[PDB]
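These notes are about the structure you will find just below.
Reconstructed Cβ throughout: ideal geometry from the backbone, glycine too, with neighbour counts over all protein chains shown. Every read-out reported here was derived from the displayed coordinates using simple, explicitly stated rules and does not represent laboratory data.
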Amino acid sequence: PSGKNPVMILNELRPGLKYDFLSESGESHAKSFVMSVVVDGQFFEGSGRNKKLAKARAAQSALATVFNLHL
RNA sequence: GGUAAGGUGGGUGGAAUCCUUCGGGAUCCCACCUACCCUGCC
C-alpha cells in the first residue's frame, strides 16, 4: 500500500524531520494517544484514538505549516 | 450464548524517499493475519 495518511505525503515531499510520541489516557474503550514532531526547526502536536491517528494529525499540521500549503 | 464498536502487542506481506562500491546502507508508512485488552446491545 502506498499509504493512507498525510504522513507519507510530507515524508515524500520534504523529509528531514523528527517525531516524538507522547503518553496516553482514558480506558481501553475510550483510549487516546498523542504524537508530536519537529520539522524545519518548528514543533507540532496531534492527539488521536490510536498511534496512527496521532501522527496523521500532527503530520498534517507539520505539512500545512512548513509547506505553506494545505492537505 | 449470540451480535456489534474501539484500543494494544506479536507475526507476515505490500509501498515510498535518500545514499550506494549495484552486492548493500539509512529514513519511513500501510495492510493483512494472530493473540491480547475493553466497552455497548440483545
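Here are the numbers for the structure shown:
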| quantity | calculated |
| --- | --- |
| Count of residues meeting criterion [in a loop (DSSP other than H, G, I, E, B), away from RNA strand B (no atom under 12 Å from the Cβ) and either surrounded by 14 or more Cβ atoms within 10 Å (Cβ to Cβ) or touching a residue at least 12 places away in the same chain (Cβ under 8 Å) (or both)] in segment A:46-71 | 2 |
| Any hit, segment A:47-67, residues being among the aromatic types (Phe, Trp, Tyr) and farther than 18 Å from A:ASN5 by Cβ | no |
| Members of segment A:1-17 that are outside any loop (DSSP other than H, G, I, E, B), without any contact (Cβ under 8 Å) to a residue 60 or more places away in the chain and more than 8 Å from RNA strand B (Cβ to nearest atom) | A:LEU10, A:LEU13 |
| In segment A:18-45, the residues that are near RNA strand B (Cβ under 8 Å from one of its atoms) and not in a strand (DSSP E or B) | A:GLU27, A:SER28, A:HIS29, A:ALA30, A:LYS31 |
| Pairs, first on the phi < 0 side of the Ramachandran plot and of a type in the set (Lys, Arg) in segment A:20-36, second in a strand (DSSP E or B) and near RNA strand B (Cβ under 9 Å from one of its atoms), C-beta under 7 Å, six or more apart | A:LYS31/A:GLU24 |
